[PDB]
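Shown next as structure tokens: one chain only, the form deposited in one PDB entry.
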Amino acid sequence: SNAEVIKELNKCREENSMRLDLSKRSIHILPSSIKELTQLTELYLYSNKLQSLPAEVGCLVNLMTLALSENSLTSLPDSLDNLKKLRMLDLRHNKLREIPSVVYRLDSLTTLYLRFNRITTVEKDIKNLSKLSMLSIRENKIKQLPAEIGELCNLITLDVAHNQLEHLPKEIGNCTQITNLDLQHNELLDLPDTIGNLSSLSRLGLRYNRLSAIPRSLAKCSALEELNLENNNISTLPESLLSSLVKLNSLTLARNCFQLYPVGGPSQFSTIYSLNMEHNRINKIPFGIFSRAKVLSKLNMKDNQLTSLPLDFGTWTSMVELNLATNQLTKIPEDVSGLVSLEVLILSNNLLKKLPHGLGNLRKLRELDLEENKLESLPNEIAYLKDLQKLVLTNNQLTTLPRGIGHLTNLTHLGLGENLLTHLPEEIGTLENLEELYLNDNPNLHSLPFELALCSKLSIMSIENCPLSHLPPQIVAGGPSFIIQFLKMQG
């Protein structure tokens, strides 16, 4: 309340402390008596309800830190020029429609947070704040940056994410000290070629824009650890780009216009641990494209045009997680038995009629999703997937499960919904760790195996739209626990 506000001001000048903390006190109007506290070097006023600052704050000439985050300020007093020693200015989470004119005059600033405001203009006077090392105008309404952005030659981070930039001024290549350039969630149509001057650039946020190409000069930013171009209008990558980024950990070309794999050969994937290409129009994975990708452990080809797999797809031995969902795959080759390090295999929404017998060789497989295929039968070799925990077979043509399904001693999730299924095997009782069994939408399931009660941890189960006519109508009308106790009786 206000009782502590005015009294702790006298408490500050009596103690003659060089730091005042009036945060989270729901303060609405800072009293003018703060002019007496000229010994202050830090003033923390964050998480309050201020809508303006008193002119008397301009008396604190020795201020070096002014924290004004989470308020409702719309401007700042023009008397703040007298703060000729101010270093960091935290104004994020406020209500500013433009940078206050006094901030363009605080040439001693090294840190300026303008995140989460309604700012629309970055004036050319921004060049006066050339001692800045951190400029964050994230989450605003800025549609253009002036060319004077190139005179902030001490910038390490330029955060302009979540704005409305259509172009980056080419003068950005003069902020050589930049290691972090975040341009994500804008409307960029292209990138300046001078981006290759930022040789210390290690992190570059480009996702969610409107880019149609990547400048070839980006190959000079050989410190990049991640190239994430998600949600754009890109179809190719320039020559020798991926091979030049010798420190790339992951590549993400998802949601673009890639109809083919980027040119460069196998020598362009020799450094990534991950590769996401989901939501594109790639019609084929090149033969031998991963003959040099020895650390690539994650591949995502979801939502594409793949109708078949390359012949050497079985040599992808370092692959741990593989996602081939939403394609037109009509067959999984027997060469899949070579992916012995695979732990997650997603094949949902394809045209799979059956699965190869080499599938049982995936000793490390932990999660197998085959939802929305044309599966007429399961291969008997699923019994040898000792490490499988999640099996999703929802929406298929399965009428029977192989009796060896009980060898899945670590299976915890089994989704058999929207299938035909005349019955479950009696070997279902050896599934010790089974916890979820979805059987809904099985019009031919008129019975449930009595050995199902041996599954102790079976808590979740759905049986809606299942006849279960061999079981009493009163038992099936209840729910899961009703049939849970019923199977324990007869056994």
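Here the rigid core means the biggest group of C-alpha atoms that line up within 1.5 Å when the two forms are laid on top of each other. Numbering starts at 1 and follows the sequence shown.
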### Task
Please indicate which stretch deviates more in 6 other deposited structures of this protein: 312 to 320 or 219 to 227, judged by C-alpha RMS distance after a core superposition?
312 to 320
## Note on the structure
Core superposition done, the stretch whose Cα atoms deviate more in 6 other deposited structures of this protein, picking from 120 to 128 and 334 to 342, is 334 to 342
### Message
Highest mean C-alpha temperature factor of the two stretches 418 to 426 and 65 to 73, which is it?
### Response
418 to 426
#### Entry: Higher-B stretch (mean Cα B-factor, as the entry records it), 385 to 393 or 263 to 271
263 to 271
#### Entry: Residue selected from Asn117, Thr252, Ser108, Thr399 by maximal Cα B factor
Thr399
### Message
How does the C-alpha B factor of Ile282 compare with the rest of the chain: lowest, middle or highest third?
### Response
highest
### Message
Please place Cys466 in the lowest, middle or highest third of its chain according to the CA B-factor in the PDB entry.
### Response
highest
### Query
Mind checking which third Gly314 falls in for C-alpha B-factor across the chain?
highest
### Query
Going by the entry, which third of its chain does the Cα temperature factor of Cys257 land in?
highest
### Summary
Sorting the chain's modelled residues by C-alpha B-factor and splitting them into thirds places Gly288 in the highest
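Another form exists, deposited with a partner chain bound; not displayed. Remarks below refer to it.
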### Query
Taking the shortest heavy atom distance, is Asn395 within 4.5 Å of the partner chain in the bound PDB entry?
yes
### Message
Within 4.5 Å, heavy atoms only: does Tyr208 come near the partner chain in the bound PDB entry?
### Response
yes
### Query
Taking the shortest heavy atom distance, is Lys49 within 4.5 Å of the partner chain in the bound PDB entry?
yes
### Message
Using a 4.5 angstroms cut-off on non-hydrogen atoms, would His93 count as touching the partner chain in the bound PDB entry?
### Response
yes
### Query
Ok, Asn231, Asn373, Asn419, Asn323: which has a heavy atom sitting within 4.5 Å of the partner chain in the bound PDB entry?
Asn231
## Note on the structure
Which of 115 to 123, 261 to 269, 402 to 410, 235 to 243 lies within 4.5 Å of the partner chain in the bound PDB entry, heavy atoms considered? The stretch 115 to 123
